[PDB]
Amino acid sequence: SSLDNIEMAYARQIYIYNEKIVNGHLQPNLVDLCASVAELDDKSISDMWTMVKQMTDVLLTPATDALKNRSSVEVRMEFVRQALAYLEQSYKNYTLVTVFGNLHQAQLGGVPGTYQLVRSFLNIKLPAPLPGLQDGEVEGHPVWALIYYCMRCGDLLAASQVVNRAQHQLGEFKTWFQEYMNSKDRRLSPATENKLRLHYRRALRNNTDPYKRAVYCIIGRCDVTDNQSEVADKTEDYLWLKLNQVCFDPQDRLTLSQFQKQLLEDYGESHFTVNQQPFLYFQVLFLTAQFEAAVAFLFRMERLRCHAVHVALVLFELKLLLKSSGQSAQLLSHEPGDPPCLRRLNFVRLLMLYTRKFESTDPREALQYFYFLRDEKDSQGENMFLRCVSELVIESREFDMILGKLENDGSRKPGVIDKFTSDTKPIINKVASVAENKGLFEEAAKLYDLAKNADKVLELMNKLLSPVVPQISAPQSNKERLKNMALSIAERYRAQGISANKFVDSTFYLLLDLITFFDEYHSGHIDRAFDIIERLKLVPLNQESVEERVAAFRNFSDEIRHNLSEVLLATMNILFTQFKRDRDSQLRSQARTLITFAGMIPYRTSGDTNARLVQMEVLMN
Amino acid sequence: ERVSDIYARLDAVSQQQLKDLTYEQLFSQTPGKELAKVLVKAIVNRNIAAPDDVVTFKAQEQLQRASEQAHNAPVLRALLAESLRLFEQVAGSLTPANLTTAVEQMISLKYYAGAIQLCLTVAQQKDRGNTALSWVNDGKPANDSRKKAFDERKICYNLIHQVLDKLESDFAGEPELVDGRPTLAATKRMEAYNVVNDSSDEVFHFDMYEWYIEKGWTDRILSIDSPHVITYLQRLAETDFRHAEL
Amino acid sequence: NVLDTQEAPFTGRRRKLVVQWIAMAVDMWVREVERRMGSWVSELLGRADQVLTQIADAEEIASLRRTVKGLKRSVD
């Protein structure tokens with residue numbers, strides 16, 4: 001097996017999600033089905049899916065195009081809020097593990113109020129007082145530190161409580177903050193927003209209290225260039241600092257498009273992967289709505305291929321992933337007729353790479369991933385899922401497992417693909433078609449016979465029999481192994497009343513009779529073999545039938561005319577033997593008949609055959 | 001062919017009609033011709049498991065082989081794409097039983113858009129005069145004989161509901177975006193709903209407004225924009241509270 | 001070659017029968033390829049359809065158009 005522990009667990013989860021859609025059940029939450037395995041690994045992966053769920057848990061317009069949802073200002077706004085809610089809660093967990101040694105340890109004693117937690121967080125991260133703080137303290141801590149880390153944790157209420165106990169010190173900041181907490185989308189009114197920004201810009205552009213600076217332009221979304229590096233030293237603190245500063249419809253203003261493009265264009269992977277920590281960059285792209293970038297990026301880490309494919313599937317089963325129309329493009333690209341700030345993922349290629357790894361010895365699991373390509377076609381019109389099953393069968397040669405083995409008793413035990421579509425007639429011909437083009441007739445027959453395509457089964461069975469008609473049928477020979485399959489196809493084609501056009505069909509049952517004629521001839525059962533050839537009315541034995549038999553030879557399958565030489569000789573040698581054992585006249589007359597027939601028929605080795613036939617007739621007299 | 005295999009997978013009326021079937025009946029009586037049709041139909045929808053009656057068989061054969069695959073985007077997509085191609089050529093002749101089975105098989109192989117496109121095509125072919133649109137625009141007078149034309153479209157529209165239903169079901173919990181770009185589950189949602197909004201069948205869009213209302217999707221219906229939906233409501237308002245509220 | 005020239009008796013509404021021949025022939029052709037042709041056959045079947053509309057047995061023709069358009073798909 002080519003699948004690692006993690007990859008295998010995901011496969012099982014994707015089998016469920018397929019079993020549900022294959023039986024018409026409720027469309028379960030894919031993101032939940034993937035996070036179910038994440039908990040079996042380190043929390044590096046669990047915290048990823050947590051971000052994936054929260055970033056995709058946005059009210060969408062079902063049955064709407066992918067590009068439309070992702071271009072709409074409506075959806076683009078909720079992404080920023082879902083991310084900020086993740087950066088705030090994520091930071092809140094950092095503040096817990098900073099005070100208590102373990103999340104469990106914090107829980108048993110009880111998570112304290114965000115206010116008392118933050119206070120018990122300031123104790124550690126600033127033990128001694130910084131001399132540059134302003135506006136005094138509140139219950140033993142600087143008022144601005146409390147406000148910042150409370151807003152950072154996302155509890156505006158806890159921050160407003162701090163403000164209520166410092167009404168005299170904070171001046172007019174109270175009426176401004178109380179408006180920020182009330183107004184939605186973390187924005188103030190243009191009039192009041194103007195009043196505070198100008199005040200900050202007036203004489204507080206450079207204040208000795210960094211926490212004061214941070215809060216002001218987090219509330220006013222100002223000084224976008226100043227990264228407030230004094231307080232936002234971590235990467236998440238930067239993302240959170242900026243997403244609280246982005247704006248929507250000229251100076252000192254930043255928008256999501258600029259920010260998202262500004263980040264990866266100027267400070268690409270190189271900047272965010274110098275510490276050899278891959279998820280850091282992924283979180284930067286995913287929490288900025290650049291899902292295709294983050295997916296391709298994370299898909300290149302050979303250790304995190306599994307995770308990047310699935311986060312792509314989630315975005316794909318939620319009409320959020322922007323697929324690349326052309327299949328000839330690179331993995332990541334920007335369509336020419338699209339805005340430059342969005343990118344597109346060649347989803348077809350993405351799955352095709354992941355599959356090649358474990359498609360060789362783990363076919364069942366491969367199909368589960370090929371199903372997501374059911375909705376796509378190629379330039380030639382083939383259904384992508386169907387084509388992927390053809391290529392996977394041509395390579396793996398797993399016919400019984402994937403296509404269903406058709407035993408020699410008339411049964412068709414369904415295969416693994418039967419689960420996904422009930423119309424399995426084309427691919428069985430596709431797989432049968434190539435194997436036919438590769439001279440693998442004995443297989444192409446079994447495959448065509450699996451799809452009950454007798455036109456092709458009998459055609460190929462005619463080719464495999466004609467060479468072996470006069471041969472000696474011996475144990476385990478190529479004659480027995482082909483005759484016995486032909487008879488197993490004769491019964492199942494009569495018991496089920498199946499037949500190809502009379503040309504193909506007539507020749508097929510005719511060869512089977514001839515194969516019996518030589519099997520009796522090679523055994524010495526002369527009398528019995530003579531009777532068979534007489535029924536077939538293939539070789540004339542009375543002079544009257546020569547005219548009609550000669551005309552019939554003209555339109556009989558060349559697979560029959562080929563073996564005419566051996567038939568005449570065996571029949572002659574049959575009469576020849578019976579002569580040495582009135583009757584003499586009758587054999588003599590029949591001997592003549594064979595000669596005149598052979599004389600009027602142009603066929604294989606007519607030279608040596610016509611001569612031998614005449615000699616055997618002379619010895620009779 | 002494999003006979004008893006058919007017989008075992010038959011009805012009882014079909015099994016018992018074959019039991020007492022004489023050659024005389026086969027040769028010169030309708031019930032005998034009818035059963036012959038049933039039997040050939042069974043062996044055709046099994047090797048798939050008049051250029052109209054021939055194509056329909058090959059289409060079932062193509063779709064049956066698709067489901068028998070290991071999932072090869074090239075082979076699966078090819079078979080599916082072709083199956084749809086063929087079915088559409090004989091859309092007007094498709095029976096409710098053949099359409100249902102086909103759609104179900106396509107749904108199982110994640111071919112949602114394709115399934116929907118077939119249903120719409122079949123609806124439009126069984127009524128090119130739009131007898132249904134006029135019958136609805138006339139208040140649906142009982143005793144009229146356009147009802148048949150409307151019913152044959154309603155069978156297609158219902159099957160479209162099942163497709164969209166199974167789609168949201170199959171992808172319940174799946175994210176719309178992974179690592180930034182869209183997943184495969186998301187693109188199939190867009191591709192499917194595209195086919196829906198790309199239609200010009202009016203009885204269909206009426207049936208879909210009613211369907212959205214039923215499922216409770218004020219999300220999408222209030223977001224159409226179009227007056228067409230307003231005008232449709234303006235007629236149905238004085239009639240139902242739920243519609244008037246919309 | 002018969003359907004274009006329209007030399008008698010292959011004229012007027014009798015060309016409805018010429019299309020029936022073309023449907024039978026081409027149908028037996030694709031059925032003989034799928035058991036085991038180019039643009040010019042698709043060019044014809046589409047051109048054969050103009051004949052059926054140009055002639056518009058009201059139900060026979062209608063059923064025949066849907067047999068032609070079925071073969072055009074089978075070739076393309």
# chains A, B, ... in the order shown; residues from 1 in each chain; ligands from 1
>>> residues_around(residues="segment 260-270 of chain A", least_positions_apart="4", cutoff="12 Å", atoms="only C-alpha atoms", output="MDAnalysis selection string")
(chainID A and resid 76 80 225 238:239 242:243 246 254:256 274:291 293:294 296:298 300 339:343) or (chainID B and resid 180)
>>> residues_around(residues="segment 54-68 of chain C", least_positions_apart="2", cutoff="10 Å", atoms="only C-alpha atoms", output="mmCIF file with C-alpha atoms, in the first residue's frame")
data_model
loop_
_atom_site.group_PDB
_atom_site.id
_atom_site.type_symbol
_atom_site.label_atom_id
_atom_site.label_comp_id
_atom_site.auth_asym_id
_atom_site.auth_seq_id
_atom_site.Cartn_x
_atom_site.Cartn_y
_atom_site.Cartn_z
ATOM 1 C CA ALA B 50 -34.999 2.998 -35.491
ATOM 2 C CA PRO B 51 -32.175 5.490 -34.832
ATOM 3 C CA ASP B 52 -34.244 6.681 -31.862
ATOM 4 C CA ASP B 53 -34.659 3.271 -30.222
ATOM 5 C CA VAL B 54 -31.076 2.298 -31.075
ATOM 6 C CA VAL B 55 -29.400 5.423 -29.705
ATOM 7 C CA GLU B 88 -30.329 14.443 -25.754
ATOM 8 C CA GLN B 89 -30.657 13.283 -29.374
ATOM 9 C CA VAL B 90 -33.628 11.150 -28.311
ATOM 10 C CA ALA B 91 -34.914 13.455 -25.575
ATOM 11 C CA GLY B 92 -38.434 13.721 -26.995
ATOM 12 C CA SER B 93 -38.862 9.943 -26.948
ATOM 13 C CA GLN B 125 -38.737 18.394 -26.536
ATOM 14 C CA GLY C 12 -40.090 17.957 -54.335
ATOM 15 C CA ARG C 13 -41.626 16.195 -51.360
ATOM 16 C CA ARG C 14 -40.224 12.886 -52.591
ATOM 17 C CA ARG C 15 -36.878 13.970 -51.127
ATOM 18 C CA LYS C 16 -38.440 13.100 -47.766
ATOM 19 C CA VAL C 19 -33.464 11.536 -46.209
ATOM 20 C CA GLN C 20 -34.983 8.304 -44.879
ATOM 21 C CA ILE C 22 -29.624 8.621 -45.693
ATOM 22 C CA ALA C 23 -30.757 7.999 -42.123
ATOM 23 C CA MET C 24 -30.850 4.237 -42.690
ATOM 24 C CA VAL C 26 -25.595 6.380 -41.968
ATOM 25 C CA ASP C 27 -27.324 4.664 -39.044
ATOM 26 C CA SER C 42 -22.102 15.848 -40.622
ATOM 27 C CA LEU C 44 -24.911 16.278 -45.018
ATOM 28 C CA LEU C 45 -27.114 15.239 -42.096
ATOM 29 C CA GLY C 46 -27.474 18.907 -41.151
ATOM 30 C CA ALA C 48 -30.611 16.841 -44.861
ATOM 31 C CA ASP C 49 -32.482 18.549 -42.017
ATOM 32 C CA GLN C 50 -33.117 21.693 -44.087
ATOM 33 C CA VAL C 51 -34.933 19.375 -46.489
ATOM 34 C CA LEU C 52 -37.297 18.155 -43.777
ATOM 35 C CA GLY C 70 -29.379 11.822 -33.382
ATOM 36 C CA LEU C 71 -26.932 10.652 -36.052
ATOM 37 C CA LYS C 72 -25.252 14.071 -36.229
ATOM 38 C CA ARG C 73 -24.348 13.649 -32.563
ATOM 39 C CA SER C 74 -23.118 10.079 -33.172
#
>>> atom_distance(atom1="atom CA of residue 7 of chain B", atom2="atom CA of residue 417 of chain A")
24.6 Å
>>> select_by_dssp(residues="segment 114-242 of chain B", states="helix (DSSP H, G or I)", output="number ranges by chain")
B: 114-125, 131-136, 147-170, 184-197, 202-215, 218-221, 228-236, 241-242
>>> interface_residues(of="chain C", to="chain A", cutoff="10 Å", atoms="only C-alpha atoms", output="ChimeraX atom specification")
/C:32,34-36
>>> write_last_selection(atoms="N, CA, C and O atoms", output="tab-separated table (two decimals), in the first residue's frame")
chain	number	residue	atom	x	y	z
C	32	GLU	N	-22.13	0.00	-37.43
C	32	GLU	CA	-21.09	-0.90	-37.89
C	32	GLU	C	-19.70	-0.45	-37.46
C	32	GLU	O	-18.76	-1.25	-37.54
C	34	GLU	N	-19.37	1.39	-34.24
C	34	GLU	CA	-19.48	1.12	-32.81
C	34	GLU	C	-19.43	-0.37	-32.53
C	34	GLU	O	-19.02	-0.78	-31.44
C	35	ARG	N	-19.82	-1.20	-33.50
C	35	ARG	CA	-19.68	-2.65	-33.35
C	35	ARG	C	-18.22	-3.07	-33.46
C	35	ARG	O	-17.77	-3.96	-32.72
C	36	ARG	N	-17.47	-2.45	-34.36
C	36	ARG	CA	-16.06	-2.78	-34.56
C	36	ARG	C	-15.19	-1.88	-33.69
C	36	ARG	O	-14.04	-2.21	-33.40
>>> closest_atom_pairs(of="segment 389-429 of chain A", to="segment 103-113 of chain B", cutoff="9 Å", atoms="only C-alpha atoms", output="CSV")
residue,atom,partner,partner_atom,distance
A:419,CA,B:108,CA,7.3
A:420,CA,B:109,CA,4.5
A:421,CA,B:105,CA,4.7
A:422,CA,B:105,CA,5.2
A:423,CA,B:105,CA,6.8
>>> write_last_selection(atoms="C-alpha atoms", output="compact mmCIF listing (two decimals), in the first residue's frame")
# COMPACT_ATOMS: atom_id res chain seq x y z
CA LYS A 419 -21.34 2.14 -7.21
CA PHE A 420 -20.80 5.45 -9.01
CA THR A 421 -22.66 4.95 -12.30
CA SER A 422 -25.01 2.26 -13.59
CA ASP A 423 -24.13 2.94 -17.26
>>> residues_around(residues="segment 78-87 of chain B", least_positions_apart="3", cutoff="9 Å", atoms="only C-alpha atoms", output="PyMOL selection string")
(chain A and resi 374+376-378+380-387+423-427+430) or (chain B and resi 55-56+58-66+73-75+90-91+94+99+102+106+109+111+114-115+117-118+122) or (chain C and resi 70+73-74)
>>> write_last_selection(atoms="N, CA and C atoms", output="CSV table (one decimal), in the first residue's frame")
chain,number,residue,atom,x,y,z
A,374,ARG,N,-16.3,14.1,-11.7
A,374,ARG,CA,-17.5,13.7,-12.5
A,374,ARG,C,-18.2,14.9,-13.3
A,376,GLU,N,-16.8,17.4,-14.7
A,376,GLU,CA,-16.0,18.1,-15.7
A,376,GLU,C,-15.8,17.1,-16.9
A,377,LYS,N,-15.5,17.7,-18.0
A,377,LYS,CA,-15.2,17.0,-19.2
A,377,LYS,C,-13.9,17.6,-19.8
A,378,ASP,N,-13.4,17.0,-20.9
A,378,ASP,CA,-12.2,17.5,-21.5
A,378,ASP,C,-12.5,18.0,-22.9
A,380,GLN,N,-12.2,16.7,-25.7
A,380,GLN,CA,-12.8,15.6,-26.6
A,380,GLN,C,-14.2,15.2,-26.2
A,381,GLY,N,-14.7,15.7,-25.1
A,381,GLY,CA,-16.0,15.4,-24.7
A,381,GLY,C,-16.2,14.3,-23.6
A,382,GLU,N,-15.2,13.4,-23.5
A,382,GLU,CA,-15.3,12.4,-22.5
A,382,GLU,C,-15.5,12.9,-21.1
A,383,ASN,N,-16.3,12.1,-20.3
A,383,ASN,CA,-16.5,12.5,-18.9
A,383,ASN,C,-15.3,12.2,-18.1
A,384,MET,N,-14.8,13.2,-17.4
A,384,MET,CA,-13.5,13.1,-16.7
A,384,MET,C,-13.4,11.9,-15.8
A,385,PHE,N,-14.4,11.7,-15.0
A,385,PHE,CA,-14.4,10.5,-14.1
A,385,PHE,C,-14.3,9.2,-14.9
A,386,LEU,N,-15.1,9.1,-16.0
A,386,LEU,CA,-15.1,7.9,-16.8
A,386,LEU,C,-13.7,7.7,-17.4
A,387,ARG,N,-13.1,8.8,-18.0
A,387,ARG,CA,-11.8,8.6,-18.6
A,387,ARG,C,-10.8,8.2,-17.5
A,423,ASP,N,-24.4,3.1,-15.8
A,423,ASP,CA,-24.1,2.9,-17.3
A,423,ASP,C,-22.6,2.6,-17.4
A,424,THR,N,-22.3,1.3,-17.3
A,424,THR,CA,-20.9,0.9,-17.5
A,424,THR,C,-20.6,0.3,-18.8
A,425,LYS,N,-21.5,0.5,-19.8
A,425,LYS,CA,-21.3,0.0,-21.2
A,425,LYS,C,-20.2,0.7,-21.9
A,426,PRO,N,-19.9,2.0,-21.7
A,426,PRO,CA,-18.9,2.7,-22.6
A,426,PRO,C,-17.5,2.3,-22.2
A,427,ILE,N,-17.2,2.4,-20.9
A,427,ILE,CA,-15.8,2.2,-20.4
A,427,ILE,C,-15.4,0.8,-20.7
A,430,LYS,N,-14.4,0.9,-23.9
A,430,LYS,CA,-13.1,1.7,-24.0
A,430,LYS,C,-11.9,0.8,-23.6
B,55,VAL,N,-30.2,4.5,-30.5
B,55,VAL,CA,-29.4,5.4,-29.7
B,55,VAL,C,-29.7,5.3,-28.2
B,56,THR,N,-30.9,5.2,-27.8
B,56,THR,CA,-31.3,5.1,-26.4
B,56,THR,C,-30.6,4.0,-25.7
B,58,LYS,N,-27.6,2.5,-26.7
B,58,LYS,CA,-26.2,2.8,-26.7
B,58,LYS,C,-25.9,3.8,-25.5
B,59,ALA,N,-26.8,4.7,-25.3
B,59,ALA,CA,-26.6,5.7,-24.3
B,59,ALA,C,-26.6,5.0,-22.9
B,60,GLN,N,-27.5,4.0,-22.7
B,60,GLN,CA,-27.6,3.3,-21.5
B,60,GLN,C,-26.4,2.4,-21.3
B,61,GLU,N,-25.8,2.0,-22.4
B,61,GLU,CA,-24.6,1.2,-22.4
B,61,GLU,C,-23.4,2.0,-22.0
B,62,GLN,N,-23.3,3.2,-22.5
B,62,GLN,CA,-22.3,4.2,-22.2
B,62,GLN,C,-22.3,4.5,-20.7
B,63,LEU,N,-23.5,4.8,-20.2
B,63,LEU,CA,-23.7,5.2,-18.8
B,63,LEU,C,-23.4,4.1,-17.9
B,64,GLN,N,-23.7,2.9,-18.3
B,64,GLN,CA,-23.5,1.7,-17.5
B,64,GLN,C,-22.0,1.4,-17.3
B,65,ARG,N,-21.2,1.6,-18.4
B,65,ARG,CA,-19.8,1.4,-18.4
B,65,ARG,C,-19.1,2.5,-17.6
B,66,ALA,N,-19.6,3.7,-17.6
B,66,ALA,CA,-19.1,4.8,-16.8
B,66,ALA,C,-19.0,4.4,-15.3
B,73,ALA,N,-10.7,10.4,-15.1
B,73,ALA,CA,-11.3,11.7,-15.6
B,73,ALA,C,-11.5,11.6,-17.1
B,74,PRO,N,-10.4,11.1,-17.8
B,74,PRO,CA,-10.6,11.0,-19.3
B,74,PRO,C,-11.7,10.0,-19.7
B,75,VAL,N,-11.6,8.8,-19.1
B,75,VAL,CA,-12.6,7.7,-19.5
B,75,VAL,C,-14.0,8.0,-19.0
B,90,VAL,N,-32.4,11.9,-28.4
B,90,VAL,CA,-33.6,11.2,-28.3
B,90,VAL,C,-34.4,11.6,-27.1
B,91,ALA,N,-34.2,12.9,-26.7
B,91,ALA,CA,-34.9,13.5,-25.6
B,91,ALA,C,-36.4,13.3,-25.7
B,94,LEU,N,-37.8,9.8,-24.8
B,94,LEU,CA,-37.5,9.2,-23.5
B,94,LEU,C,-38.7,9.0,-22.6
B,99,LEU,N,-35.6,7.9,-18.1
B,99,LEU,CA,-35.1,9.2,-17.7
B,99,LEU,C,-34.6,9.1,-16.2
B,102,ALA,N,-31.5,6.9,-15.7
B,102,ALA,CA,-30.4,7.7,-16.2
B,102,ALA,C,-29.9,8.8,-15.3
B,106,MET,N,-26.3,9.2,-13.3
B,106,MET,CA,-25.5,10.4,-13.4
B,106,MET,C,-25.2,11.0,-12.1
B,109,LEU,N,-22.5,9.4,-10.1
B,109,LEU,CA,-21.2,9.6,-10.6
B,109,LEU,C,-20.8,11.1,-10.5
B,111,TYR,N,-22.3,13.8,-11.7
B,111,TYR,CA,-22.5,14.4,-12.9
B,111,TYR,C,-23.7,15.3,-12.9
B,114,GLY,N,-24.8,17.7,-15.8
B,114,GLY,CA,-25.2,16.9,-16.9
B,114,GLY,C,-26.6,16.4,-16.8
B,115,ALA,N,-26.9,15.9,-15.6
B,115,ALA,CA,-28.2,15.3,-15.3
B,115,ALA,C,-29.3,16.4,-15.5
B,117,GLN,N,-29.1,19.1,-17.3
B,117,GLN,CA,-29.2,19.5,-18.7
B,117,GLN,C,-30.1,18.6,-19.5
B,118,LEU,N,-30.1,17.3,-19.1
B,118,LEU,CA,-30.9,16.3,-19.8
B,118,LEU,C,-32.3,16.5,-19.5
B,122,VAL,N,-35.3,17.3,-22.2
B,122,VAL,CA,-36.4,16.4,-22.3
B,122,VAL,C,-37.7,17.2,-22.2
C,70,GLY,N,-30.0,12.8,-34.2
C,70,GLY,CA,-29.4,11.8,-33.4
C,70,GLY,C,-28.1,11.3,-34.0
C,73,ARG,N,-25.1,13.8,-33.8
C,73,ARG,CA,-24.3,13.6,-32.6
C,73,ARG,C,-23.4,12.4,-32.6
C,74,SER,N,-23.9,11.3,-33.2
C,74,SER,CA,-23.1,10.1,-33.2
C,74,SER,C,-21.8,10.2,-34.0
>>> select_by_dssp(residues="segment 4-204 of chain B", states="strand (DSSP E or B)", output="ChimeraX atom specification")
/B:72,173,177-178,181-182
>>> write_last_selection(atoms="N, CA and C atoms", output="tab-separated table (two decimals), in the first residue's frame")
chain	number	residue	atom	x	y	z
B	72	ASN	N	-11.54	7.40	-14.11
B	72	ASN	CA	-10.50	8.02	-14.91
B	72	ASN	C	-11.07	9.24	-15.59
B	173	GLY	N	-20.81	19.71	4.53
B	173	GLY	CA	-19.63	19.81	5.37
B	173	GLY	C	-18.40	20.17	4.56
B	177	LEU	N	-13.79	26.59	-0.33
B	177	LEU	CA	-12.44	27.03	-0.68
B	177	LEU	C	-11.40	26.27	0.15
B	178	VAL	N	-10.32	25.86	-0.50
B	178	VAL	CA	-9.23	25.17	0.20
B	178	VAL	C	-7.88	25.75	-0.22
B	181	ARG	N	-8.01	28.73	-3.39
B	181	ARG	CA	-8.79	28.51	-4.60
B	181	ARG	C	-9.96	27.55	-4.34
B	182	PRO	N	-10.88	27.42	-5.32
B	182	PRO	CA	-12.08	26.61	-5.09
B	182	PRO	C	-11.82	25.11	-5.18
>>> closest_residue(among="B:179, B:68, B:201, B:24", to="residue 123 of chain B", atoms="only C-alpha atoms")
B:201
>>> closest_residue(among="B:22, B:218, B:4, B:15", to="residue 495 of chain A", atoms="only C-alpha atoms")
B:4
>>> atom_distance(atom1="atom CA of residue 175 of chain B", atom2="atom CA of residue 312 of chain A")
7.9 Å
>>> residues_around(residues="segment 232-234 of chain A", least_positions_apart="5", cutoff="10 Å", atoms="only C-alpha atoms", output="list in words")
residues 211, 214, 227, 239, 240 and 241 of chain A
>>> residues_around(residues="residue 412 of chain A", least_positions_apart="5", cutoff="10 Å", atoms="only C-alpha atoms", output="list in words")
residues 400, 403, 404, 405, 406, 407, 450 and 451 of chain A; 5 of chain B
>>> residues_around(residues="residue 194 of chain B", least_positions_apart="2", cutoff="12 Å", atoms="only C-alpha atoms", output="ChimeraX atom specification")
/A:62-68,319 /B:112-114,116-117,164,187-192,196-199
>>> write_last_selection(atoms="N, CA and C atoms", output="CSV table (one decimal), in the first residue's frame")
chain,number,residue,atom,x,y,z
A,62,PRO,N,-26.7,29.3,-2.4
A,62,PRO,CA,-26.6,28.0,-3.0
A,62,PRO,C,-27.0,28.0,-4.5
A,63,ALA,N,-26.4,27.1,-5.3
A,63,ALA,CA,-26.6,27.0,-6.7
A,63,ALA,C,-26.1,28.3,-7.5
A,64,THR,N,-25.1,29.0,-6.9
A,64,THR,CA,-24.6,30.2,-7.5
A,64,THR,C,-23.1,29.9,-8.0
A,65,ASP,N,-22.7,30.6,-9.0
A,65,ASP,CA,-21.4,30.3,-9.6
A,65,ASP,C,-20.3,30.6,-8.6
A,66,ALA,N,-19.2,29.9,-8.7
A,66,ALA,CA,-18.1,30.2,-7.8
A,66,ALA,C,-17.5,31.6,-7.9
A,67,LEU,N,-17.2,32.0,-9.1
A,67,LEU,CA,-16.6,33.3,-9.3
A,67,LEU,C,-17.5,34.4,-8.8
A,68,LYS,N,-18.8,34.2,-8.8
A,68,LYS,CA,-19.7,35.3,-8.4
A,68,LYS,C,-19.6,35.5,-6.9
A,319,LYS,N,-18.6,25.5,-3.6
A,319,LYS,CA,-18.6,26.5,-4.7
A,319,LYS,C,-17.8,27.7,-4.4
B,112,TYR,N,-23.8,16.2,-11.9
B,112,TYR,CA,-25.0,16.9,-11.5
B,112,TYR,C,-25.5,17.8,-12.7
B,113,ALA,N,-24.6,18.7,-13.2
B,113,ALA,CA,-24.9,19.6,-14.3
B,113,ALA,C,-25.5,18.8,-15.4
B,114,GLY,N,-24.8,17.7,-15.8
B,114,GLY,CA,-25.2,16.9,-16.9
B,114,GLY,C,-26.6,16.4,-16.8
B,116,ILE,N,-29.1,17.6,-14.9
B,116,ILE,CA,-30.0,18.7,-15.0
B,116,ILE,C,-30.2,19.1,-16.5
B,117,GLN,N,-29.1,19.1,-17.3
B,117,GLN,CA,-29.2,19.5,-18.7
B,117,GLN,C,-30.1,18.6,-19.5
B,164,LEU,N,-30.3,18.5,-7.3
B,164,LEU,CA,-29.8,19.6,-6.5
B,164,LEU,C,-29.8,19.2,-5.0
B,187,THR,N,-17.0,23.7,-7.4
B,187,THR,CA,-17.1,24.0,-8.8
B,187,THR,C,-18.3,23.2,-9.4
B,188,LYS,N,-18.6,22.0,-8.9
B,188,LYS,CA,-19.7,21.3,-9.3
B,188,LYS,C,-21.0,21.9,-8.9
B,189,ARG,N,-21.0,22.7,-7.8
B,189,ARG,CA,-22.1,23.4,-7.3
B,189,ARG,C,-22.4,24.6,-8.2
B,190,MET,N,-21.3,25.3,-8.6
B,190,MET,CA,-21.5,26.4,-9.5
B,190,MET,C,-21.9,26.0,-10.9
B,191,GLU,N,-21.3,24.9,-11.4
B,191,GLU,CA,-21.5,24.4,-12.7
B,191,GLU,C,-23.0,23.9,-12.8
B,192,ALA,N,-23.5,23.3,-11.8
B,192,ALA,CA,-24.9,22.8,-11.7
B,192,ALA,C,-25.8,24.0,-11.7
B,196,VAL,N,-28.9,25.9,-14.3
B,196,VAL,CA,-30.2,26.3,-13.8
B,196,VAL,C,-30.5,27.7,-14.3
B,197,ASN,N,-29.6,28.7,-13.9
B,197,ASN,CA,-29.8,30.1,-14.2
B,197,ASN,C,-29.6,30.4,-15.7
B,198,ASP,N,-29.1,29.4,-16.5
B,198,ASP,CA,-28.9,29.6,-17.9
B,198,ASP,C,-30.1,29.2,-18.7
B,199,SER,N,-31.2,28.8,-18.1
B,199,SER,CA,-32.3,28.3,-18.8
B,199,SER,C,-33.3,29.4,-19.3
>>> atom_distance(atom1="atom CA of residue 160 of chain A", atom2="atom CA of residue 178 of chain A")
7.4 Å
>>> closest_residue(among="A:438, A:104, A:199, A:187", to="residue 219 of chain A", atoms="only C-alpha atoms")
A:187
>>> residues_around(residues="residue 560 of chain A", least_positions_apart="3", cutoff="9 Å", atoms="only C-alpha atoms", output="list in words")
residues 466, 507, 510, 511, 553, 556, 557, 563 and 564 of chain A
